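Trainee:
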Amino acid sequence: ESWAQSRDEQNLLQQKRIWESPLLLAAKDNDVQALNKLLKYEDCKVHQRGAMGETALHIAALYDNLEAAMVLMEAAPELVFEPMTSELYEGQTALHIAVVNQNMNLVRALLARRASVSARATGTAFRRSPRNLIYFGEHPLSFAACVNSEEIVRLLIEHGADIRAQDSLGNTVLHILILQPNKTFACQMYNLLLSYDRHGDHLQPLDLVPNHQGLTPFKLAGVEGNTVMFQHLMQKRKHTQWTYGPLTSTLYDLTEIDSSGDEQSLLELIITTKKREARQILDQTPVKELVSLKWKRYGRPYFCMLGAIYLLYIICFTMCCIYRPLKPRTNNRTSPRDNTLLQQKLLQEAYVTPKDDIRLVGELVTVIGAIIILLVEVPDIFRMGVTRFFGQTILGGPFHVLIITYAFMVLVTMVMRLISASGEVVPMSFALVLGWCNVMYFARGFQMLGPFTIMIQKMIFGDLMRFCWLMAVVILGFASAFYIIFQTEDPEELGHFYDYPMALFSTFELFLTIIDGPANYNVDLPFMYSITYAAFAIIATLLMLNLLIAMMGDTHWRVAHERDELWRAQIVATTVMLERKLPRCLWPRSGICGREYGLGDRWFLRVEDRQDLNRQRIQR
Amino acid sequence: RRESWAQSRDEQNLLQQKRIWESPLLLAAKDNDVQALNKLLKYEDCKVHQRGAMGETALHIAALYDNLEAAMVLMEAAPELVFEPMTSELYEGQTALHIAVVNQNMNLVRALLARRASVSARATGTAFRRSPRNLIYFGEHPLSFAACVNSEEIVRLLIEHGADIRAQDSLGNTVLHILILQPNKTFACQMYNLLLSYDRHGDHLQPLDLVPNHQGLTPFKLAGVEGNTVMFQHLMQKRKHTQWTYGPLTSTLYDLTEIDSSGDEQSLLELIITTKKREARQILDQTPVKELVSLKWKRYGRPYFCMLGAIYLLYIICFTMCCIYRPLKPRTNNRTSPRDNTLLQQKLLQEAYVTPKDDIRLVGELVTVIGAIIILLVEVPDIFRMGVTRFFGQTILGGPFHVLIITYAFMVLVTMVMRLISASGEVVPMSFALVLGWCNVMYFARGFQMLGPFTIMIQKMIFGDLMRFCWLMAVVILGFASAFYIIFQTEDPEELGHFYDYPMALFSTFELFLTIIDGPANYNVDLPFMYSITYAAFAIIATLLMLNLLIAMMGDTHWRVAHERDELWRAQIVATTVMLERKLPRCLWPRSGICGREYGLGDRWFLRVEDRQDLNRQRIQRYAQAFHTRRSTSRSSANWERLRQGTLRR
Amino acid sequence: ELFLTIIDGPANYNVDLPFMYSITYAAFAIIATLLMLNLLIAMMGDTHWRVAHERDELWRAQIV
Amino acid sequence: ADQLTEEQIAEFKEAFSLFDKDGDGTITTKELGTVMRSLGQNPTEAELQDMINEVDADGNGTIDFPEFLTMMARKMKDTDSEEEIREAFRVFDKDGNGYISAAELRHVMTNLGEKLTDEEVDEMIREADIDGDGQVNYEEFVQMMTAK
Ligand SMILES: CC(C)CCC[C@@H](C)[C@H]1CC[C@H]2[C@@H]3CC=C4C[C@@H](OC(=O)CCC(=O)O)CC[C@]4(C)[C@H]3CC[C@]12C
Ligand SMILES: CC(C)CCC[C@@H](C)[C@H]1CC[C@H]2[C@@H]3CC=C4C[C@@H](OC(=O)CCC(=O)O)CC[C@]4(C)[C@H]3CC[C@]12C
Ligand SMILES: CC(C)CCC[C@@H](C)[C@H]1CC[C@H]2[C@@H]3CC=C4C[C@@H](OC(=O)CCC(=O)O)CC[C@]4(C)[C@H]3CC[C@]12C
Ligand SMILES: CC(C)CCC[C@@H](C)[C@H]1CC[C@H]2[C@@H]3CC=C4C[C@@H](OC(=O)CCC(=O)O)CC[C@]4(C)[C@H]3CC[C@]12C
Ligand SMILES: CC(C)CCC[C@@H](C)[C@H]1CC[C@H]2[C@@H]3CC=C4C[C@@H](OC(=O)CCC(=O)O)CC[C@]4(C)[C@H]3CC[C@]12C
Ligand SMILES: CC(C)CCC[C@@H](C)[C@H]1CC[C@H]2[C@@H]3CC=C4C[C@@H](O)CC[C@]4(C)[C@H]3CC[C@]12C
Ligand SMILES: CC(C)CCC[C@@H](C)[C@H]1CC[C@H]2[C@@H]3CC=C4C[C@@H](O)CC[C@]4(C)[C@H]3CC[C@]12C
Ligand SMILES: [Ca+2]
Ligand SMILES: [Ca+2]
Ligand SMILES: [Ca+2]
Ligand SMILES: [Ca+2]
Ligand SMILES: [Ca+2]
Ligand SMILES: [Ca+2]
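Protein chains in written order, with full-length UniProt numbering: chain A, 67 to 686; chain B, 65 to 694, 726 to 745; chain C, 575 to 638; chain D, 2 to 149.
(1) Only counting the same chain, and skipping five residues up and downstream in sequence, which positions put a Cβ closer than 7 Å to that of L408 (chain A)?
(2) So the candidates are D:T30, D:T45, D:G114; which of them puts its Cα closest to the Cα of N61 (chain D)?
(3) Tell me whether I101 (chain D) sits in a helix, a strand or coil according to DSSP, three-state version.
(4) If you follow the alpha helix (DSSP H) that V219 (chain B) is in, where does it begin and where does it stop?
(5) From what residue to what residue does the alpha helix (DSSP H) around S315 (chain B) run?
(6) Can you list the residues near ligand 6, meaning Cβ strictly closer than 6 Å to any non-hydrogen atom, in the order they appear in the chain?
(7) Could you please give the first and the last residue of the uninterrupted alpha helix (DSSP H) stretch that includes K362 (chain B)?
(8) What are the boundary residues of the alpha helix (DSSP H) that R683 (chain A) is part of?
(9) Which stretch, first to last residue, makes up the alpha helix (DSSP H) that contains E736 (chain B)?
(10) Taking Cβ to Cβ, would you say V357 (chain B) is nearer than 8 Å to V638 (chain B)?
(11) Please state whether DSSP places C110 (chain A) in a helix, a strand or coil.
(12) Hey, would you say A600 (chain B) sits closer than 8 Å to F574 (chain A), going by beta carbons?
(13) Name the residue from A:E555, A:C387, A:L468 whose alpha carbon lies nearest to the alpha carbon of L426 (chain A).
(14) Would DSSP call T309 (chain B) helix, strand or coil?
(15) Straight-line CA distance for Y389 (chain B) to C370 (chain B)?
(16) Just by C-beta distance, which residues in the region 394 to 415 of chain B are closer than 9 Å to chain A?
(17) Taking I684 (chain B) as the query, report the chain D residues whose CB atoms sit under 8 Å from its CB, ordered along the chain.
(18) Just to check, is the beta-carbon of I580 (chain C) closer than 7 Å to a non-hydrogen atom of ligand 3?
(19) Measure from the alpha carbon of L240 (chain B) to the alpha carbon of each residue in B:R230, B:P247, B:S234, then state which is nearest.
(20) Which residues, in order along the region 623 to 640 of chain B, keep a beta-carbon less than 8 Å from a beta-carbon of chain C?
(21) With a threshold of 8 Å between beta-carbons, can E84 (chain D) be considered close to chain A, or not?
(22) Checking contacts by CB at 8 Å: is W502 (chain A) closer than that to chain B?
(23) Could you tell me which chain C residues have their CB closer than 8 Å to the CB of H562 (chain B), listed as they occur along the chain?
(24) Could you check if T419 (chain B) is buried or exposed, using at least 16 other CB atoms within 10 Å of its CB as the buried criterion?
(25) Using beta-carbon positions only, say whether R532 (chain B) and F518 (chain A) come within less than 8 Å of one another.
(26) Are the beta-carbon atoms of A129 (chain D) and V122 (chain D) separated by less than 8 Å?
(27) Beta carbon of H298 (chain A): closer than 7 Å to some heavy atom of ligand 3?
(28) Between the region 298 to 329 of chain A and chain B, which residues of the former have a C-beta closer than 9 Å to a C-beta of the latter?
(29) Under the criterion of a Cβ to heavy atom distance below 7 Å, does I337 (chain B) qualify as lining ligand 11?
(30) Determine the chain B residues that contact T111 (chain D) at a beta-carbon separation under 7 Å, and present them in chain order.
(31) Taking the alpha-carbon positions, what's the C503 (chain A) to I597 (chain B) distance?
Here it is in structure tokens:
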């Protein structure tokens, strides 16, 4: 709220400064005859800062007043050499404004008076944000290349520009050309900046130099999701080898795409970011084949061997929960009368049995398995997600949360068996249905079961965390309505509703119809019941439950195009993860080394494709 | 074991490039460098027979990088340079003439034929053989290359300089076979007509468009197996024999000498049905073949498929009533296994057919054993012949109803054993033989157009959106069934006995997944507290989440594959008519068509189709004037623009 | 009735059913509620929007 | 004719088909006169000889399909299209014949979701079809993808 209020009371305040000032209003419009009158005074108090710190020359610049701006420069002190000395518009010189106004003769007139081509326009409405509609940059040539001014970039370089110009975020000028929304005109201005870049003082030149987080222009085109700029950068790294009729051969340099051993790569940065256009670089011409080489060869044969160890782990956890030690009850079942059926209790400490020694192996396996999960997952959340910054890993991938909770509940029921606590079935009931439903994680190396596990986590957090708010509205109203009808009644004939906890679990099963319903037929039921259960059966069994079939049915055909690229982005997230954890003796480097075959020190992957001979007749 | 192949080809292409830069003449040949070739070839130690990484000389590099100016220098200096095929396990045979051809244009191909070239050069290597491998299959011989690159000027230039238009390949494919299986079909038709023009009526015994390959398969039957709809319409224009044109009414006369099911020669309808490559079923909607199958189905195909649909249906009822009236005898000892775990009170008779009622069943039981052998004598000679289970990878994977009817006649002859040797477990093989027996009534529901495309959809759910569901069902009902078991392990299984045994706990949890029982509830004993939580989670992600999603999967699929099933059903009419024509004798099935003896057209069978053709004056006005020398629309137009930006932005 | 789930299902714990029943009812739990009852929801759901232009102009001929 | 793509040849071959009413690849002087009479205008039997001997480069009096194809380069329509549209048609056209079908537009709509019924697909063609065959040409498809 507070920022939008602060803008609008200040964008109108500097307009109020114009109407109360003689020459600022004479700069708002042309007004040439009164402008000569005012300047021949004793002292005009020429600075007289308004609401954002601008002079009369900035007003003549911003409202495209070329006629007034020529006049003020002869009667000028250092106004030409002068930033806006205030908040949000800060550092913005008159050279900056005339550049963004896209066509000026004042930009030649200002730089005639040796104007500052180095001026840090670091206010608050220049920083990239959702608060600010434009990230034009920080420097004049950062401005001029983004607004597609061909002539001014030719003219700023001529008057001694600042072609590198790292910034508050460390962004180079070529970084800011990727952050623009008009992707086509960026491709023309990209090559125009490298022509004046050539060489001489190496410093890994400007298509290599990173920003203040570490990111080349090629890697920044990937993260933000720029696709038209991405194919233009690929042309520099490809290398055609031989053409044989249709059958060509390209020798793509696989340097900034493949993770060497460290030092975050392009494939590791598409996954961590979450933009929709970000997961589209995964269908371009070197990246499409690179994933399918690492998944066919060292992917699925290391992800099916890893899935078969986990399923052999979850059975030796289940079988030591089936044969868990119990003893008959020694507490005199006259304890509350006719209302309990507990006939067997839990042993204190009794392992002297050869059957128990075989089981004792089975518990010691599944406990060591509970440490190793917390040694490969919890040291990752120490550095990123300490207590609540795991929230991104909460919402992004749920299988981090479930596999930690599984190894946590094993350690909770490890403490309760060492100190002989009472309730072990409360940890184990969580420890089983969490532990078997993690086999759904290993349903992503299969095109059979791939896009079905994505639809399950879309229904739960899109169409069943929606239906279960208007379900609990219904089944708490009727559950308190059915309770107060059968309250003045025998609870041994139709005992569905005899206390308010069980009346919430009768009505919950009547909403989903997984019980038959209250019907005795040997006793006269209350008259109010047959009315209000008829109205219950209509808005549960007939209205809302068949509405949820029509909503899961409508969503499933609507985002079926989306799940087919949500699955192929889960192949990359699995390919990268096994690449990091596994050593270097297994998992050889993808590609072909280029040292032996006299080409360099890089890593190369080639592709050979036919180009459909009618295309050659279009290449006339 | 097989992925070293993709590496080792890519090892050679880089090793080829390295040998170029570490050589004076090859680097001179990769570029033009016409000053440098005259510089080097006046020396003595220059090996002009320099073998690179594949066998490449200087002229190949001059050709593959199409340097015709560098080619003229090398042909003057090296005489044996049009010769010398490559050697390595990749490209073999391939001379400099092939490379000058494949680039669709060279003046070198006019130059090399002048310098005594070699057009018999079989380019047979591991890079010119069709497979899920190399992206191209152009052929072996230099004419086969010039044909399938759309080179109309080069093929005329090859036959004049002593070519061979007939010579086959390692596969046995001729020139005209290669033109059919190219991916550019309409330019293959113009090259087809040109390559027959230079045949000039050879006396070579069925001239060149009847000659088979090593499989034994004409060019006309190669447009059909592969899926060439463009070639099949072109090859048919030689067959038709159009009779008369009474205004807007023609009467063509097709030639069923290779289309119709002939004798022991495998006809064209027998080759499409026994083939993959889904584009092959597009041939079954073509103007001689659509009218042939429909006239073999309405007449002789359907009334025989109902007289087999009724003999089999009177066979199952004769087999059902021999299971209903099977022999039972009361229990002997006296309930020896303890109470509450034993309720069977009959048992099976050792051998007792001594009553007049059993001899009626003895008639009925001998029918279903004789009929069981007949099933195993008409289909098991295909599993006797084409492999047991290792060589037999065809009919198991192809036809689902083959398996169910061999299984049926296996379960009857298990029961034949157990009745004679007097076993005990006879209730088990009769449990299979009834559900297997009555679900082959689903086989005889493909001739009825109503029930036809419904059995198509059922086998696309079983092998589709139900085994995409049955894996993530068995995950859930192994988790929760082990969760409901351990809670009720410490309880009393006499008022709630759904979970007292882990085979039983799998059975009640599977039923609660489908809601085909009610649910554990007592309402007289206060249940365990953890049950009310873990069943409430199991009620949401089974009844509300995962079962209603399975309605959404079968509902999304059914409108997507909704015209494929009408293509799959009409391809099972062909699969039925061909089968019924073979196994039935010729005395019941007349050969379709009209003979040519008494009408004086030869020995070949014909089929007459008449069709009121058309109008559209507007079309023929556009072409004859060249000859002439000296609202639902608003709904439809909205659908075009949704395709328009849907296409130009992708 | 088991094909349509308009009764529960043959289940009589405290006596042991024969072994072949739980196999052949599990296959009749699938060609069932699961397969051929949800296919009928999809088939009636497919047709209800295919003929939706027709069922209106077939109603206007039930006024004439 | 040195520039003809796969589309216009697949249109001219079908245009050669309905114009030829004896099934082979030879246009007689008589069967050219059969079509001309159906246009309402009459031949004179020397006008038929005029139009055949205009382009009969081999010298047989029977217009073969290569001499028919180079004839439509003389009476050419035009060549003005875009390279992305011609590629977009070959994606839609499954069986490589230069025509889109009623079952070849129900495929494209199904990949885009769009839930089309059989009735609107036949209503799409009635705004696409020009000459009136229920079968979209290449020129009928270029006319819709940029114009209307
Ligand atoms: C005691 C002995 C038998 C060791 C048995 C090994 C298993 C109990 C553990 C060892 C390493 C574990 C794996 C370590 C890390 C991961 C990644 C983890 O990834 C996520 O959190 C999901 C989201 C994503 O990363 O994309 C999923 C479980 C998995 C495969 C674990 C599955 C269970 C494994 C195989
Ligand atoms: C959407 C609705 C309008 C369509 C059909 C609704 C009817 C089937 C429902 C609505 C009101 C119901 C009635 C409301 C009250 C009662 C009393 C009910 O119980 C008693 O008779 C109470 C006293 C006793 O048991 O003696 C018996 C059924 C009956 C007639 C109900 C029968 C079912 C009715 C007619
Ligand atoms: C003892 C008396 C009653 C005579 C018994 C003979 C018939 C009742 C049986 C014996 C042979 C059977 C036929 C054997 C072979 C076949 C082909 C078979 O074809 C397939 O399964 C093809 C499936 C596919 O192609 O996918 C279907 C059943 C059928 C017609 C059978 C139908 C029933 C027949 C005529
Ligand atoms: C392969 C097809 C049939 C579908 C696979 C789905 C599985 C998840 C289902 C169907 C087959 C079922 C099994 C079939 C046989 C049995 C044995 C049967 O156990 C008994 O002997 C119960 C005792 C009794 O019935 O009295 C019931 C559970 C179980 C494991 C079933 C558990 C659930 C299974 C594995
Ligand atoms: C978005 C949210 C609101 C989801 C909506 C779900 C609720 C409508 C359901 C889901 C879990 C249910 C609960 C699951 C477990 C229990 C415990 C259950 O057991 C008892 O407290 C009684 C003790 C006994 O049985 O001896 C009483 C009902 C209750 C609160 C259920 C009430 C209805 C709940 C809250
Ligand atoms: C309360 C105890 C006894 C059982 C409760 C089960 C709950 C907590 C567990 C068990 C099954 C789980 C779900 C199983 C499957 C999926 C789909 C996957 O793509 C994301 C996680 C998600 C969405 C899980 C969310 C948490 C979940 C609902
Ligand atoms: C285990 C015993 C007792 C009974 C099990 C029966 C099972 C194995 C049999 C009986 C009914 C059969 C199905 C009946 C119908 C069809 C439709 C057909 O187009 C494909 C096969 C398919 C899908 C069958 C698959 C196998 C099947 C499910
Ligand atoms: Ca129900
Ligand atoms: Ca019920
Ligand atoms: Ca003619
Ligand atoms: Ca001619
Ligand atoms: Ca087509
Ligand atoms: Ca048309």
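For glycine and all other residues, C-beta sits at the position ideal for the given N, C-alpha and C.
Mentor: Concretely, from the data shown:
(1) Residue numbering aside, residue 408 (chain A) sits at position 342 when the first sequence is read from its first letter. So the qualifying residues of the chain are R395.
(2) Reading the fourth sequence from its first residue, position 60 is the one you call residue 61 (chain D). Checked all of D:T30, D:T45, D:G114; the closest Cα to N61 (chain D) is D:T30.
(3) In the fourth sequence, the residue the question calls residue 101 (chain D) occupies position 100. DSSP places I101 (chain D) in strand when its eight states are reduced to three.
(4) Within the second sequence, the letter at position 155 stands for residue 219 (chain B). Note, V219 (chain B): alpha helix (DSSP H), 216 to 224.
(5) Along the second sequence, one-based indexing puts residue 315 (chain B) at 251. It is not in any alpha helix (DSSP H) - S315 (chain B) instead sits in the beta strand (DSSP E) that spans 314 to 319.
(6) A:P464, A:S495, A:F496, A:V499, A:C503, A:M506, A:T519, A:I522, A:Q523, A:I526, B:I597, B:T598, B:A601, B:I605
(7) Within the second sequence, residue 362 (chain B) is the residue found at index 298, counting from 1. Counted as a single uninterrupted DSSP element, the stretch harbouring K362 (chain B) is not any alpha helix (DSSP H), since DSSP gives it neither H nor E.
(8) The residue labelled residue 683 (chain A) in the question sits at position 617 within the first sequence. Residues 680 to 684.
(9) Counting from one through the second sequence, the residue named residue 736 (chain B) turns up at place 641. Counting along the chain, the alpha helix (DSSP H) containing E736 (chain B) begins and ends at 727 to 743.
(10) Translated into positions along the second sequence, residue 357 (chain B) becomes position 293. Translated into positions along the second sequence, residue 638 (chain B) becomes position 574. The answer is yes: Cβ separation under 8 Å.
(11) Here residue 110 (chain A) corresponds to residue number 44 of the first sequence, with the count starting at 1. In this structure, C110 (chain A) counts as coil in the three-state DSSP scheme.
(12) Residue 600 (chain B) sits at position 536 when you count from the first residue of the second sequence. Residue 574 (chain A) sits at position 508 when you count from the first residue of the first sequence. For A600 (chain B) and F574 (chain A), yes; Cβs fall inside 8 Å.
(13) Your numbering for residue 426 (chain A) matches position 360 in the first sequence. If we check each option's Cα against that of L426 (chain A), A:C387 comes out closest.
(14) The residue given as residue 309 (chain B) occupies position 245 in the second sequence. Correct three-state label for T309 (chain B): strand.
(15) Sequence index remark: in the second sequence, residue 389 (chain B) carries index 325 (1-based). Sequence index remark: in the second sequence, residue 370 (chain B) carries index 306 (1-based). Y389 (chain B) and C370 (chain B): Cα-Cα distance of roughly 29 Å.
(16) none
(17) Here residue 684 (chain B) refers to the residue found at position 620 of the second sequence. Within chain D, the C-beta atoms nearer than 8 Å to that of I684 (chain B) come from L19, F20, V36, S39, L40, in chain order.
(18) Taking the third sequence and counting its residues from 1, one reaches residue 580 (chain C) at position 6. Every heavy atom of ligand 3 is 7 Å or more from the Cβ of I580 (chain C), so no.
(19) Residue mapping note: residue 240 (chain B) aligns to position 176 of the second sequence, counting from 1. Nearest option by C-alpha distance: B:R230.
(20) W623, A626
(21) Stepping through the fourth sequence from its first residue, residue 84 (chain D) is reached at position 83. Yes, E84 (chain D) lies at the interface with chain A (some Cβ there is under 8 Å from its Cβ).
(22) Here residue 502 (chain A) refers to the residue found at position 436 when the first sequence is read from its first residue. Yes, contact with chain B.
(23) The residue labelled residue 562 (chain B) in the question sits at position 498 within the second sequence. Those are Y587, listed as they occur along chain C.
(24) In the second sequence, the residue the question calls residue 419 (chain B) occupies position 355. So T419 (chain B) counts as exposed.
(25) Numbered from 1 along the second sequence, position 468 holds the residue referred to as residue 532 (chain B). Numbered from 1 along the first sequence, position 452 holds the residue referred to as residue 518 (chain A). Yes, the Cβ-Cβ distance between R532 (chain B) and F518 (chain A) is below 8 Å.
(26) In the fourth sequence, residue 129 (chain D) corresponds to position 128, counting from 1. In the fourth sequence, residue 122 (chain D) corresponds to position 121, counting from 1. Against a cut-off of 8 Å, the Cβ pair of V122 (chain D) and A129 (chain D) comes out as no contact.
(27) Residue mapping note: residue 298 (chain A) aligns to position 232 of the first sequence, counting from 1. No, the Cβ of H298 (chain A) stays beyond 7 Å of every heavy atom of ligand 3.
(28) Legend: CB atoms of the region 298 to 329 of chain A lying less than 9 Å from CB atoms of chain B belong to residues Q307, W308, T309, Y310, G311, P312, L313, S315, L317.
(29) For the purposes of this step, residue 337 (chain B) is taken as the residue at position 273 of the second sequence. Checking the Cβ of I337 (chain B) against ligand 11 gives no.
(30) In the fourth sequence, the residue the question calls residue 111 (chain D) occupies position 110. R624, listed in chain order.
(31) Walking along the first sequence from the start, residue 503 (chain A) turns up at place 437. Walking along the second sequence from the start, residue 597 (chain B) turns up at place 533. Their backbone Cα atoms lie some 17 Å apart in a straight line.
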